[PDB]
$ cat model-v2.cif   # mmCIF, C-alpha atoms (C1' of nucleotides)
data_model
#
loop_
_atom_site.group_PDB
_atom_site.id
_atom_site.type_symbol
_atom_site.label_atom_id
_atom_site.label_comp_id
_atom_site.auth_asym_id
_atom_site.auth_seq_id
_atom_site.Cartn_x
_atom_site.Cartn_y
_atom_site.Cartn_z
ATOM 1 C CA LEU A 249 21.320 -36.989 -44.404
ATOM 2 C CA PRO A 250 22.451 -40.001 -46.477
ATOM 3 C CA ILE A 251 23.712 -39.507 -50.016
ATOM 4 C CA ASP A 252 20.889 -41.716 -51.315
ATOM 5 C CA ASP A 253 18.407 -39.126 -50.041
ATOM 6 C CA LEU A 254 19.939 -36.729 -52.568
ATOM 7 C CA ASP A 255 18.263 -38.897 -55.253
ATOM 8 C CA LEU A 256 21.344 -39.064 -57.471
ATOM 9 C CA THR A 257 22.435 -41.382 -60.274
ATOM 10 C CA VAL A 258 24.311 -44.671 -60.658
ATOM 11 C CA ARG A 259 28.038 -44.037 -60.359
ATOM 12 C CA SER A 260 28.160 -41.767 -57.311
ATOM 13 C CA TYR A 261 26.169 -44.184 -55.158
ATOM 14 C CA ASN A 262 28.263 -47.113 -56.379
ATOM 15 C CA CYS A 263 31.631 -45.530 -55.691
ATOM 16 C CA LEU A 264 30.455 -44.204 -52.322
ATOM 17 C CA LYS A 265 28.845 -47.331 -50.861
ATOM 18 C CA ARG A 266 31.857 -49.550 -51.580
ATOM 19 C CA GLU A 267 34.097 -47.402 -49.356
ATOM 20 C CA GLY A 268 31.624 -46.669 -46.555
ATOM 21 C CA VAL A 269 30.523 -43.074 -47.101
ATOM 22 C CA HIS A 270 27.002 -43.152 -45.662
ATOM 23 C CA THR A 271 26.045 -39.513 -45.003
ATOM 24 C CA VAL A 272 26.451 -36.059 -46.497
ATOM 25 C CA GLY A 273 27.849 -34.803 -43.192
ATOM 26 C CA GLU A 274 31.193 -36.408 -43.967
ATOM 27 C CA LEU A 275 30.788 -35.176 -47.551
ATOM 28 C CA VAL A 276 30.416 -31.542 -46.483
ATOM 29 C CA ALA A 277 33.277 -32.121 -44.038
ATOM 30 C CA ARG A 278 35.411 -33.299 -46.962
ATOM 31 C CA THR A 279 36.374 -30.673 -49.506
ATOM 32 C CA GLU A 280 35.971 -31.013 -53.262
ATOM 33 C CA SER A 281 39.677 -31.810 -53.610
ATOM 34 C CA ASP A 282 39.478 -34.497 -50.912
ATOM 35 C CA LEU A 283 36.509 -36.141 -52.649
ATOM 36 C CA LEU A 284 37.786 -35.931 -56.247
ATOM 37 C CA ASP A 285 40.967 -37.820 -55.269
ATOM 38 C CA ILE A 286 39.233 -41.168 -55.850
ATOM 39 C CA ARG A 287 40.276 -43.158 -58.899
ATOM 40 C CA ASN A 288 37.812 -43.178 -61.825
ATOM 41 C CA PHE A 289 35.607 -40.473 -60.321
ATOM 42 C CA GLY A 290 32.913 -39.220 -62.669
ATOM 43 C CA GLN A 291 33.000 -35.579 -63.681
ATOM 44 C CA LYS A 292 29.199 -35.680 -63.712
ATOM 45 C CA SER A 293 29.424 -36.839 -60.077
ATOM 46 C CA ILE A 294 31.743 -33.865 -59.449
ATOM 47 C CA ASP A 295 29.189 -31.535 -61.042
ATOM 48 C CA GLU A 296 26.234 -32.877 -59.070
ATOM 49 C CA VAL A 297 28.183 -32.909 -55.799
ATOM 50 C CA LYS A 298 29.285 -29.299 -56.321
ATOM 51 C "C1'" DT B 1 24.137 -2.913 94.964
ATOM 52 C "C1'" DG B 2 27.140 -4.065 92.894
ATOM 53 C "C1'" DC B 3 29.273 -8.107 91.524
ATOM 54 C "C1'" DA B 4 31.399 -12.005 90.535
ATOM 55 C "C1'" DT B 5 29.350 -16.122 87.971
ATOM 56 C "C1'" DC B 6 27.433 -18.491 85.133
ATOM 57 C "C1'" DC B 7 25.045 -18.235 81.241
ATOM 58 C "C1'" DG B 8 23.236 -18.195 76.258
ATOM 59 C "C1'" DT B 9 24.500 -17.259 70.136
ATOM 60 C "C1'" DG B 10 28.562 -17.297 66.777
ATOM 61 C "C1'" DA B 11 32.873 -19.111 64.018
ATOM 62 C "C1'" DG B 12 31.724 -19.550 55.524
ATOM 63 C "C1'" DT B 13 32.949 -23.272 50.999
ATOM 64 C "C1'" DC B 14 31.934 -27.975 48.442
ATOM 65 C "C1'" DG B 15 36.848 -39.660 53.651
ATOM 66 C "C1'" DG B 16 32.131 -43.842 55.371
ATOM 67 C "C1'" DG B 17 30.181 -48.177 59.861
ATOM 68 C "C1'" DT B 18 34.356 -48.330 65.391
ATOM 69 C "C1'" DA B 19 31.419 -52.761 71.601
ATOM 70 C "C1'" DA B 20 29.496 -56.189 77.064
ATOM 71 C "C1'" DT B 21 28.099 -59.735 80.568
ATOM 72 C "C1'" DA B 22 26.954 -65.222 86.256
ATOM 73 C "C1'" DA B 23 21.930 -66.220 85.063
ATOM 74 C "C1'" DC B 24 19.441 -71.294 84.921
ATOM 75 C "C1'" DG B 25 15.325 -75.034 85.269
ATOM 76 C "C1'" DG B 26 10.426 -75.517 84.874
ATOM 77 C "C1'" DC B 27 5.509 -74.665 83.472
ATOM 78 C "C1'" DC B 28 1.923 -72.566 79.835
ATOM 79 C "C1'" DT B 29 0.104 -71.428 75.827
ATOM 80 C "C1'" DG B 30 -0.438 -70.010 71.430
ATOM 81 C "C1'" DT B 31 -0.157 -69.430 67.036
ATOM 82 C "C1'" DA B 32 1.571 -71.805 63.308
ATOM 83 C "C1'" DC B 33 2.312 -75.894 61.172
ATOM 84 C "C1'" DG B 34 1.706 -81.047 60.138
ATOM 85 C "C1'" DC B 35 -1.118 -85.825 59.950
ATOM 86 C "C1'" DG B 36 -5.489 -88.522 58.037
ATOM 87 C "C1'" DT B 37 -10.281 -88.549 55.584
ATOM 88 C "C1'" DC B 38 -14.224 -87.236 52.833
ATOM 89 C "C1'" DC B 39 -16.898 -84.728 49.262
ATOM 90 C "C1'" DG B 40 -17.874 -81.442 45.215
ATOM 91 C "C1'" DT B 41 -15.906 -81.147 40.773
ATOM 92 C "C1'" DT B 42 -14.483 -82.021 36.409
ATOM 93 C "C1'" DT B 43 -13.184 -84.352 32.762
ATOM 94 C "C1'" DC B 44 -13.100 -87.737 29.750
ATOM 95 C "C1'" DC B 45 -14.435 -93.562 27.224
ATOM 96 C "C1'" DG B 46 -17.897 -94.051 23.921
ATOM 97 C "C1'" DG B 47 -22.621 -94.608 23.094
ATOM 98 C "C1'" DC B 48 -26.518 -92.934 20.448
ATOM 99 C "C1'" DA B 49 -31.254 -89.460 19.023
ATOM 100 C "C1'" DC B 50 -30.489 -88.761 14.846
ATOM 101 C "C1'" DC B 51 -28.494 -83.140 12.549
ATOM 102 C "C1'" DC B 52 -28.267 -84.509 8.509
ATOM 103 C "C1'" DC B 53 -23.566 -82.421 5.253
ATOM 104 C "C1'" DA B 54 -21.484 -82.663 1.864
ATOM 105 C "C1'" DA B 55 -17.514 -83.154 -2.083
ATOM 106 C "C1'" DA B 56 -17.874 -86.421 -5.510
ATOM 107 C "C1'" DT B 57 -20.757 -88.970 -9.605
ATOM 108 C "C1'" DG B 58 -24.192 -89.000 -13.631
ATOM 109 C "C1'" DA B 59 -26.109 -86.128 -17.203
ATOM 110 C "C1'" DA B 60 -26.710 -81.873 -20.601
ATOM 111 C "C1'" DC B 61 -24.822 -78.347 -23.256
ATOM 112 C "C1'" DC B 62 -24.205 -74.431 -25.675
ATOM 113 C "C1'" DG B 63 -21.201 -71.165 -26.801
ATOM 114 C "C1'" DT B 64 -16.829 -70.973 -28.162
ATOM 115 C "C1'" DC B 65 -12.329 -71.895 -29.129
ATOM 116 C "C1'" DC B 66 -9.950 -74.628 -31.627
ATOM 117 C "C1'" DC B 67 -9.719 -77.831 -36.434
ATOM 118 C "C1'" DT B 68 -10.786 -77.850 -42.425
ATOM 119 C "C1'" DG B 69 -12.206 -75.087 -47.203
ATOM 120 C "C1'" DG B 70 -12.125 -72.182 -50.520
ATOM 121 C "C1'" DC B 71 -10.780 -67.279 -52.368
ATOM 122 C "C1'" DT B 72 -8.666 -63.706 -53.619
ATOM 123 C "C1'" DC B 73 -5.927 -58.906 -55.890
ATOM 124 C "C1'" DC B 74 -1.637 -58.012 -54.828
ATOM 125 C "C1'" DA B 75 3.228 -56.984 -53.705
ATOM 126 C "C1'" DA B 76 7.429 -59.714 -53.847
ATOM 127 C "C1'" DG B 77 10.425 -62.901 -56.794
ATOM 128 C "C1'" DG B 78 11.564 -63.650 -61.955
ATOM 129 C "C1'" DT B 79 12.550 -61.424 -66.896
ATOM 130 C "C1'" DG B 80 14.377 -57.167 -70.143
ATOM 131 C "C1'" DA B 81 17.782 -53.544 -71.471
ATOM 132 C "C1'" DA B 82 21.115 -49.766 -71.067
ATOM 133 C "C1'" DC B 83 24.953 -47.127 -69.309
ATOM 134 C "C1'" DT B 84 28.510 -44.683 -66.752
ATOM 135 C "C1'" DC B 85 31.724 -45.739 -65.024
ATOM 136 C "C1'" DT B 86 35.557 -49.802 -64.251
ATOM 137 C "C1'" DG B 87 38.845 -52.224 -65.697
ATOM 138 C "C1'" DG B 88 41.835 -54.060 -68.747
ATOM 139 C "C1'" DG B 89 44.123 -53.937 -73.461
ATOM 140 C "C1'" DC B 90 46.634 -51.302 -77.186
ATOM 141 C "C1'" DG B 91 49.618 -48.173 -78.781
ATOM 142 C "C1'" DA B 92 53.059 -44.251 -79.437
ATOM 143 C "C1'" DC B 93 56.384 -41.152 -77.743
ATOM 144 C "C1'" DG B 94 60.512 -39.558 -75.271
ATOM 145 C "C1'" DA B 95 65.543 -38.794 -72.941
ATOM 146 C "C1'" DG B 96 68.629 -41.161 -69.105
ATOM 147 C "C1'" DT B 97 71.662 -44.703 -70.139
ATOM 148 C "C1'" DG B 98 74.881 -49.915 -71.254
ATOM 149 C "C1'" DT B 99 78.909 -49.570 -73.751
ATOM 150 C "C1'" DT B 100 84.486 -49.104 -76.030
#

$ encode --input "model-v2.cif" --output "structure tokens"
Amino acid sequence: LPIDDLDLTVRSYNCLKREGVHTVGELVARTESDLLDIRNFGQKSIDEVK
DNA sequence: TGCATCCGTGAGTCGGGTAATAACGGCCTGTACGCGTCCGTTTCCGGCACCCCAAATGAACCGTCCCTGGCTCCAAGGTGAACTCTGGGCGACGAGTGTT
């Protein structure tokens, strides 16, 4: 499933589509620590992803 | 009346082919073959009596497969504002450190 299908807000889509994350399969493959590593990552994005 | 004297059957199994004599004219014919000629056949040149036969030459011609006309009623391009990062800009604070 793509991350857009999760019907989320501005920042998470922006910071994901620049770097080529297209699905939630790679997102569930990546752990919370491996996804929070990104510079200027929103804590609200962390909350919604968790 | 023996008695020698023939005399009549064996005896199994799956490389070829090796020769003589007096005979000689002359006539007949006979069946097969070789000549010259004539007639039925048959096969075409071009003719009709016409058989007409026909693809090609005028129509419509009407439905239909293309043009032009106007009309929408909407969903995409144009017009807003914010905001959550996104990024840079500002500022203060602290020990490892250039020096005699």

$ atom_distance --input "model-v2.cif" --atom1 "CA of residue 281 (chain A)" --atom2 "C1' of residue 84 (chain B)"
21.5 Å

$ interface_residues --input "model-v2.cif" --of "chain A" --to "chain B" --cutoff "10 Å" --atoms "all atoms listed in the file" --output "ChimeraX atom specification"
/A:257-260,262-263,287-290,292

$ atom_distance --input "model-v2.cif" --atom1 "CA of residue 256 (chain A)" --atom2 "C1' of residue 80 (chain B)"
23.2 Å

$ atom_distance --input "model-v2.cif" --atom1 "CA of residue 278 (chain A)" --atom2 "CA of residue 255 (chain A)"
19.9 Å

$ residues_around --input "model-v2.cif" --residues "residue 251 (chain A)" --least-positions-apart "3" --cutoff "6 Å" --atoms "all atoms listed in the file" --output "PyMOL selection string"
chain A and resi 254+271-272

$ residues_near_point --input "model-v2.cif" --point "(29.2, -39.4, -51.5)" --cutoff "9 Å" --atoms "all atoms listed in the file" --output "PyMOL selection string"
chain A and resi 250-252+260-261+263-265+269-272+274-275+283+293+297
